[PDB]
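Commentary on secondary and tertiary structure
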Amino acid sequence: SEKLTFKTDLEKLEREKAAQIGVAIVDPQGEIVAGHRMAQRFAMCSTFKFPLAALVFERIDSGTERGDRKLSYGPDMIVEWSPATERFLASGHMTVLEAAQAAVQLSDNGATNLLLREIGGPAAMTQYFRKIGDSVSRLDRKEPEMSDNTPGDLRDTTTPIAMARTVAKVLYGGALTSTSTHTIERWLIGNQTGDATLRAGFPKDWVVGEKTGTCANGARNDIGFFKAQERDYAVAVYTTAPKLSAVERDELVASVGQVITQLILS
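Residues numbered from 1 in each chain as written, not as in the entry; some residues may be left out. Heavy atoms only, no water.

- Its PDB header names X-ray crystallography as the technique used to obtain the model and reports a resolution of 1.90 Å.

This is how it looks when you write it as structure tokens:
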């Protein structure tokens, strides 16, 4: 089987790198194409920032939020890795759409928190997950503490299958308006943080958009979509590799991309 090669090659990577690799690839109706440790819990890390943006776009779609509404803040909003937030600090605000674009494309933590403040915290993010049929994914904390990733801790976790299905719902399942869906897809394609991760392992002619994540305890994640042979797919990759370097974890997720490629093209 090509399915067996996919399984075997991922398990080889796991043994060779002392890693656990969660993958779920689903079609646009959320039907399973391939997986590995599908229903296993992993820390979301910054991968939730994509669903957060989707939540914000739904609020705009539903007329409970305005894209250009100015969200004011002072220096307390600045936390580790807040590159855009720090730039806009002097001006005293970012807009909803500015913060969202920074959350998704730069993984900006301060911008993420700025939005969380506005939409009702981790509890509202979780509510959104439930609202779109995701009974698994949960946000419990803001950044940066949500990135702790303590083994056995259910807080701030998802499974590959749950998140792949959330991605498919958001992009293909009619969760957002056509306009909002296209905007989030363009943001994901133009993401600035994923050049060395999943899309490094996909062929150059594939259309791919994604959102990365990094946590404590060696987590390196990448979730999003790709279009291959003119078919659309949603994908969630979650990896943990405590003994690898940061660059080696990027290389691992890229390798997982290569393993996906060979299955798809098989």
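**Things to note about the environment of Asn109**
- With respect to the element layout, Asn109 can be found in helix 5 (residues 109–119).
- For the pair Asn109 and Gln258, spaced 149 residues apart in sequence, the C-alpha separation works out to 30 Å.
- A distance of 3.2 Å separates the side chain of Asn109 from the side chain of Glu143, its partner in a polar contact. (Helix = DSSP H or I, 4+ residues; strand = E, 2+ residues; numbered from the N terminus. Polar contact = N/O pair within 3.5 Å; in protein donor to acceptor, adjacent residues only side chain to side chain.)

**Points about unusual backbone geometry**
- Omega for the bond connecting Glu143 with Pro144 falls within 30 degrees of zero, at 0°, which places this linkage in the cis form.
- Structurally, the position occupied by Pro144 is in the loop between helix 6 (121–131) and strand 6 (157–158).
- A positive phi angle, close to 50°, is found at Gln229, a residue other than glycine.
- Position of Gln229 among the secondary structure elements: in the loop between strand 8 (219–228) and strand 9 (231–240).
- On the basis of relative accessible area, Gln229 is assigned to the exposed category, the value being 52%. (Buried < 20%, exposed > 50% of the residue type's maximum accessible area, 1.4 Å probe, protein only.)

**Remarks on the packing of helix 2 (residues 49–61) against helix 4 (residues 96–105)**
- It is at 9 Å that the axes of helix 2 and helix 4 come closest, and there the two elements cross at 160°. One finds that helix 2 runs roughly antiparallel with respect to helix 4. As helix 2 packs across helix 4, the resulting crossing turns out to be left-handed. Within the contact between the two elements, helix 2 uses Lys49, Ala53, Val56, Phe57 and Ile60 and helix 4 uses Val96, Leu97, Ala103 and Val104. (Axes fitted to C-alpha atoms, helices over the stretch in contact; angles between N-to-C directions. Parallel < 35°, antiparallel > 145°, perpendicular 65-115°, else oblique. Left-handed = near helix turned anticlockwise from the far one by under 90°. Contact = heavy atoms within 4.5 Å.)

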